[PDB]
Every structure is written in C-alpha cells, then in structure tokens.
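Shown here: final.tsv, TSV, C-alpha atoms and all ligand atoms.
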chain	number	residue	atom	x	y	z
A	1	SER	CA	147.39	99.63	2.75
A	2	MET	CA	148.40	100.08	6.42
A	3	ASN	CA	150.60	98.01	8.73
A	4	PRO	CA	149.62	94.80	10.52
A	5	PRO	CA	150.14	94.49	14.25
A	6	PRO	CA	153.73	93.44	14.93
A	7	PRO	CA	154.51	89.73	15.29
A	8	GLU	CA	153.78	88.09	18.64
A	9	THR	CA	156.57	88.79	21.18
A	10	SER	CA	154.93	87.05	24.16
A	11	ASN	CA	152.82	83.93	24.71
A	12	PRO	CA	151.30	83.18	28.13
A	13	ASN	CA	150.43	79.59	27.13
A	14	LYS	CA	154.00	78.59	26.23
A	15	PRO	CA	156.46	77.40	28.90
A	16	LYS	CA	159.79	79.22	29.24
A	17	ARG	CA	163.47	78.44	29.77
A	18	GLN	CA	166.83	80.17	29.80
A	19	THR	CA	169.53	78.29	27.86
A	20	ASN	CA	173.13	78.82	26.72
A	21	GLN	CA	172.14	78.91	23.05
A	22	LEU	CA	169.37	81.47	23.61
A	23	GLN	CA	171.67	83.65	25.71
A	24	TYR	CA	174.36	83.53	23.00
A	25	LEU	CA	171.73	84.43	20.38
A	26	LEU	CA	170.84	87.62	22.30
A	27	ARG	CA	174.24	88.63	23.70
A	28	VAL	CA	176.49	87.76	20.74
A	29	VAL	CA	174.47	87.16	17.56
A	30	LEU	CA	171.69	89.75	17.84
A	31	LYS	CA	173.95	92.32	19.54
A	32	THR	CA	176.53	92.05	16.74
A	33	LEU	CA	174.01	92.50	13.92
A	34	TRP	CA	172.19	95.24	15.87
A	35	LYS	CA	175.29	97.42	16.00
A	36	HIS	CA	176.10	96.99	12.29
A	37	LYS	CA	175.96	100.09	10.11
A	38	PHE	CA	173.21	98.46	7.96
A	39	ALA	CA	171.04	97.45	10.94
A	40	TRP	CA	168.45	100.23	11.25
A	41	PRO	CA	166.06	99.31	8.41
A	42	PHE	CA	165.85	95.85	10.05
A	43	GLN	CA	165.52	97.02	13.69
A	44	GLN	CA	161.71	97.26	13.62
A	45	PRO	CA	158.81	96.14	11.42
A	46	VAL	CA	158.69	97.77	7.99
A	47	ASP	CA	156.45	100.84	8.26
A	48	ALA	CA	154.74	100.65	4.86
A	49	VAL	CA	152.90	103.93	5.50
A	50	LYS	CA	155.88	106.11	6.50
A	51	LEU	CA	158.12	104.57	3.82
A	52	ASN	CA	155.32	104.64	1.20
A	53	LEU	CA	155.56	100.93	0.38
A	54	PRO	CA	151.80	100.19	0.12
A	55	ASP	CA	152.21	96.70	-1.41
A	56	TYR	CA	154.66	95.49	1.27
A	57	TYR	CA	152.11	93.57	3.38
A	58	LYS	CA	150.31	92.38	0.25
A	59	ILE	CA	153.53	90.63	-0.86
A	60	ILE	CA	155.05	89.81	2.54
A	61	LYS	CA	152.58	87.81	4.66
A	62	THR	CA	155.23	86.51	7.11
A	63	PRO	CA	156.98	89.71	8.21
A	64	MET	CA	159.91	89.55	10.62
A	65	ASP	CA	162.54	91.98	11.88
A	66	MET	CA	165.34	92.19	14.46
A	67	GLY	CA	163.32	94.37	16.85
A	68	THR	CA	160.78	91.57	17.09
A	69	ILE	CA	163.54	88.94	17.43
A	70	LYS	CA	165.21	90.99	20.20
A	71	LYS	CA	161.92	91.31	22.10
A	72	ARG	CA	161.23	87.59	21.63
A	73	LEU	CA	164.61	86.74	23.17
A	74	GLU	CA	164.12	89.24	26.03
A	75	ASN	CA	160.60	87.89	26.67
A	76	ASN	CA	161.72	84.23	26.61
A	77	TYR	CA	159.40	83.65	23.65
A	78	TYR	CA	161.64	81.00	22.09
A	79	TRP	CA	162.02	77.53	23.63
A	80	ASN	CA	164.34	76.27	20.90
A	81	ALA	CA	167.24	78.20	19.33
A	82	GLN	CA	165.98	76.96	15.93
A	83	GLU	CA	162.91	79.21	16.26
A	84	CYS	CA	165.13	82.28	16.49
A	85	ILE	CA	167.42	81.21	13.65
A	86	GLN	CA	164.30	80.63	11.50
A	87	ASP	CA	163.12	84.19	12.24
A	88	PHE	CA	166.44	85.63	11.02
A	89	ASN	CA	166.14	83.54	7.84
A	90	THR	CA	162.58	84.78	7.28
A	91	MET	CA	163.72	88.39	7.68
A	92	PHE	CA	166.45	87.99	5.04
A	93	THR	CA	164.23	86.04	2.62
A	94	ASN	CA	161.48	88.71	2.89
A	95	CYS	CA	164.05	91.30	1.82
A	96	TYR	CA	165.11	89.22	-1.20
A	97	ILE	CA	161.46	88.67	-2.20
A	98	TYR	CA	160.10	92.22	-1.87
A	99	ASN	CA	162.97	94.35	-3.21
A	100	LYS	CA	164.84	94.33	-6.52
A	101	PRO	CA	168.38	92.93	-6.93
A	102	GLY	CA	171.02	95.63	-6.49
A	103	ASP	CA	168.73	97.77	-4.34
A	104	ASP	CA	170.82	99.19	-1.49
A	105	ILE	CA	168.64	97.29	1.00
A	106	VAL	CA	169.31	93.90	-0.67
A	107	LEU	CA	173.10	94.37	-0.49
A	108	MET	CA	172.66	95.40	3.15
A	109	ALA	CA	170.69	92.21	3.90
A	110	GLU	CA	173.40	90.15	2.15
A	111	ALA	CA	176.14	91.60	4.36
A	112	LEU	CA	174.06	91.13	7.53
A	113	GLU	CA	173.27	87.51	6.59
A	114	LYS	CA	176.98	86.74	6.04
A	115	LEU	CA	177.74	88.14	9.50
A	116	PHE	CA	174.79	86.21	10.99
A	117	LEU	CA	176.04	82.90	9.55
A	118	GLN	CA	179.56	83.60	10.87
A	119	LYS	CA	178.10	84.00	14.38
A	120	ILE	CA	175.69	81.04	14.19
A	121	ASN	CA	178.68	78.86	13.27
A	122	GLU	CA	180.04	79.44	16.82
A	123	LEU	CA	176.72	78.74	18.58
A	124	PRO	CA	177.41	76.70	21.75
A	125	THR	CA	176.23	73.05	21.69
A	126	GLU	CA	172.62	72.21	22.60
A	127	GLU	CA	173.01	70.03	25.72
B	201	LIG	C1	163.45	102.64	9.26
B	201	LIG	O1	163.18	101.72	8.21
B	201	LIG	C2	163.82	101.90	7.01
B	201	LIG	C3	164.93	102.71	6.88
B	201	LIG	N1	165.56	102.89	5.71
B	201	LIG	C4	165.08	102.23	4.64
B	201	LIG	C5	163.98	101.38	4.67
B	201	LIG	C6	163.52	100.70	3.42
B	201	LIG	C7	163.30	101.46	2.27
B	201	LIG	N2	162.90	100.98	1.09
B	201	LIG	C8	162.71	99.65	0.94
B	201	LIG	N3	162.31	99.22	-0.28
B	201	LIG	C9	162.33	100.03	-1.50
B	201	LIG	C10	163.75	100.33	-1.93
B	201	LIG	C11	163.73	101.10	-3.23
B	201	LIG	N4	163.03	100.33	-4.27
B	201	LIG	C12	161.63	100.08	-3.90
B	201	LIG	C13	161.57	99.31	-2.60
B	201	LIG	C14	162.93	98.82	2.06
B	201	LIG	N5	162.72	97.45	1.93
B	201	LIG	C15	162.88	96.52	2.90
B	201	LIG	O2	162.67	95.33	2.66
B	201	LIG	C16	163.30	97.04	4.18
B	201	LIG	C17	163.51	96.08	5.32
B	201	LIG	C18	163.52	98.36	4.39
B	201	LIG	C19	163.34	99.31	3.32
B	201	LIG	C20	163.34	101.23	5.89

I'd like the structure from this file rewritten - as structure tokens, please.
Amino acid sequence: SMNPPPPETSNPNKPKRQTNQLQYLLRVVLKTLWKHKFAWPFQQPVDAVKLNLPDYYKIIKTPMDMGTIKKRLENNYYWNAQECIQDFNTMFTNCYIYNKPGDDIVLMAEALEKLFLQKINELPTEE
C-alpha cells in the first residue's frame, strides 16, 4: 500500500501575508486542539504502514492532519483563513469516512471538532 508524500506545506509561487485571523488560528485554535488528550492520532499524516491500515490511501485521496496544518500556518502557506478552516474540516470528514461509527477514533474526532467549532466562533473579524 504505502504512504503518499505529505501534503504541500510550502509554495514558492504563492504570495504571503501575516494576518490577525491566521495568527489566531495558530496561537489559539491549533494550539488548543494540539494539547487535547485526543490529539496525537491527528498530529501527523496517518502512517498506513506502521498502523497496518493498507486501504487508507485507497479510500482517502485528500488526506489532511494537524501536523500539516501547523506547518502550513508556520510556513505562511495560507493566504485566507478559510483555507485553514477547510483543512480542519477535511481532516474530520476523512475520519468519519474511513473508520466505523463508535470506533474510539471517531468519538475522538467528534470531541475535537466540537472544540474546534467553539474556537472558530471567536475568530477575529477579517478586516
Ligand atoms: C500515531 O497515529 C495514530 C495513533 N493512534 C491511533 C491511530 C489510528 C488507529 N486506527 C485507525 N483506524 C482503525 C481503528 C480500528 N478499526 C479499523 C480502523 C485510525 N484511523 C484514523 O482515521 C486515524 C486518524 C488514526 C487511526 C493513529
């Protein structure tokens, strides 16, 4: 089966900016989910080999994880906050697609998503 390369975390042909929303996404939103007790399985791409999940990248063709999101924020990969929020949504949806309901990992994703939405609700205004 084997893993794909991780998602892109840099792009030399994309302009860059630091904004209030992006800073909040790293310092408050990502930081808060990162330190959650359920965070670790989502802190890096799913290693289908080590975990023995050979069909993972057959089923999930748009992988995403918080390690990638963190690196994207640190590398100024996102221009719009929406890009980052979309990546979180993709991560959670992947989990709901690949795993079975009631799997420990699905409940963990549910709790993390609730927390995520709580924090996105207090995102500072665009400007
Ligand atoms: C360091 O990464 C991990 C740590 N702990 C757990 C996982 C993990 C394990 N199993 C998964 N799926 C199986 C659960 C039991 N039923 C068959 C599928 C996982 N699925 C996922 O989507 C993620 C993100 C982690 C994971 C990854």

Edge lengths and centre in Å to one decimal, as lines of an AutoDock Vina configuration file, is what I'm after for the box along x, y and z that holds all listed atoms of ligand LIG 201 (chain B) once 4 Å is added on each side.
center_x = 163.6
center_y = 99.1
center_z = 2.5
size_x = 12.0
size_y = 15.6
size_z = 21.5

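Selecting all polymer residues at most 7 Å from ligand LIG 201 (chain B), using all atoms listed in the file, gives residues 40, 41, 42, 46, 47, 51, 53, 94, 95, 98, 99, 100, 103 and 105 of chain A.
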
In terms of all atoms listed in the file, the residue from A:115, A:8, A:71, A:1 at minimal distance from residue A:35 is A:115

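Take the candidates A:22, A:106, A:85, A:120 and check each one against residue A:66 using all atoms listed in the file; the shortest distance goes to A:85.
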
Work out how far atom CA of residue A:81 is from atom CA of residue A:15, in Å to one decimal. 14.4 Å

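For the choices A:112, A:107, A:84, A:49, the atom-to-atom distance to residue A:69 is smallest for A:84 when using only C-alpha atoms.
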
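Using all atoms listed in the file, the smallest distance between any of A:20, A:83, A:68, A:60 and residue A:96 comes from A:60.
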
Closest to residue A:67 among A:82, A:12, A:26, A:104, using all atoms listed in the file? A:26

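Atom CA of residue A:3 to atom CA of residue A:86 spans 22.3 Å [interatomic distance, one decimal].
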
Residue A:7 environment, 10 Å, only C-alpha atoms, sequence neighbours closer than 2 positions dropped, as a PyMOL selection string: chain A and resi 4-5+9-10+45+62-65+68-69+72

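Taking atom CA of residue A:75 as the reference point, atom CA of residue A:31 is found at 15.8 Å.
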
12 Å contact set for residue A:114, all atoms listed in the file, chain neighbours under 3 positions out, as a PyMOL selection string: chain A and resi 29+32-33+88-89+92+107-111+117-121

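You can rank A:25, A:37, A:78, A:57 by their closest distance to residue A:116 using all atoms listed in the file, and at the top of that list sits A:25.
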
Residue contacts of residue A:18 (9 Å, all atoms listed in the file) excluding same-chain residues fewer than 5 positions away, as a short mmCIF file (atom, residue, chain, number, x, y, z; two decimals) with C-alpha atoms, keeping the file's coordinate frame:
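Below you can see out.cif, which holds the result:
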data_model
loop_
_atom_site.label_atom_id
_atom_site.label_comp_id
_atom_site.auth_asym_id
_atom_site.auth_seq_id
_atom_site.Cartn_x
_atom_site.Cartn_y
_atom_site.Cartn_z
CA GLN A 23 171.67 83.65 25.71
CA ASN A 76 161.72 84.23 26.61
CA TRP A 79 162.02 77.53 23.63
#
